[PDB]
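Here's a solo chain for you in structure tokens, the form deposited in one PDB entry.
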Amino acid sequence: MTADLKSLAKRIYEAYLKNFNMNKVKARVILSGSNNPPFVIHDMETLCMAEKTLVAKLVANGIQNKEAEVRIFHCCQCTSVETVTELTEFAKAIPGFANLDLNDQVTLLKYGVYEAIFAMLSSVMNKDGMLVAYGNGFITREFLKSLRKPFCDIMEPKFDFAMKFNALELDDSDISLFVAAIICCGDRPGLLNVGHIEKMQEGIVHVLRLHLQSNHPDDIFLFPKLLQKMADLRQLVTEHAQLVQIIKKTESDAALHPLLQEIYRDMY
């Protein structure tokens, strides 16, 4: 007459497989090297070729098209908006989340979504570049570094995080629980029912700890390593939000999608 924590871990994993269009298995199949192979974006010529095939509407304007850096900024936001939708549906599988007040659900997702985004982003990155456009492009790390300031500063810290995160060799069953734990942080600003959220967090972290013990018997410190990665992600998001605000204020053509503007509003 006890919680079945192995069953819960499997439920979370199944919800992750159902709700996220990208996962580490899918990404690795593509990155390894037959249908729909990824178009490689390594310079301005190949960026523009990729846009004409994969986001035609964005470049179907005359000399009215935006600057390449602003077009990339827009494409990045589009993926974030879609991933926020996936994360919101995923969160329903977390025991207790759907029993919280709506306002607390909103607050947890508001602070958690970009931590989860950058954790899952790691799965589509290697040291040379990253998958984009639902696995149909691969944009090189060096090309993103070549963009004009400040746009060249967006992705490189995420690559830095990812290279170390990927060295932990998590699989999707681990990542699903890590993303659930990110969402269940009881110390987010503005929460109403802190006590119930702390209990929800305790439960999901217990599931995560036991799962890592079973799935990674070789790495006895993997759980505290991941606790530290959660704190690293919070700092990564804080710095990212600061850069997004600089771009919003100084780049008149770089607009922010209204759903993301609300996420960023009063966040840090």
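Each form is matched to the other, and the largest set of C-alpha atoms that superpose within 1.5 Å is called the rigid core. All residue numbers refer to positions in the sequence shown, first residue = 1.
- In none of the other PDB entries of this protein that model the residues around it does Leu226 lack coordinates, well short of a third.
- Gaps at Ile63 occur in at least a third of the other compared entries of the protein that contain both adjacent residues.
- Unmodelled residues of the deposited sequence between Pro224 and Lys225: none, the chain being continuous.
- Relative to one another, 152-160 and 183-191 have unequal mean CA B-factors, and 183-191 is the one with the higher figure.
- Comparing 37-45 with 60-68, the higher mean C-alpha B-factor in the PDB entry belongs to 60-68.
- If you compare the C-alpha temperature factors of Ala27, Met230, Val207, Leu236 in the entry, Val207 comes out highest.
- In this entry, the residue among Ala116, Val132, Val84, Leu102 with the greatest C-alpha B factor is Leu102.
- Among all modelled residues in its chain, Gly112 ranks in the lowest third by Cα B-factor.
- In the PDB entry, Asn21 places in the lowest third of its chain by CA B-factor.
- In the deposited entry, the Cα temperature factor of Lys127 places it in the middle third of its chain's modelled residues.
- In the deposited entry, the Cα temperature factor of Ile12 sits in the middle third of values across the chain's modelled residues.
Beyond what is shown, the protein has a form deposited in another entry; the following relates to that form.
- Fit the rigid core and compare the CA positions between this form and the one not shown: of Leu227, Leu243, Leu210, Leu54, just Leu54 moves by 2 angstroms or more.
- Note on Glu45 and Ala60: their C-alpha atoms are more widely spaced in the other form, a change of at least 3 Å from this conformation.
- In the other form, the Cα positions of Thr79 and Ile63 lie at least 3 Å nearer to each other than in the form displayed.
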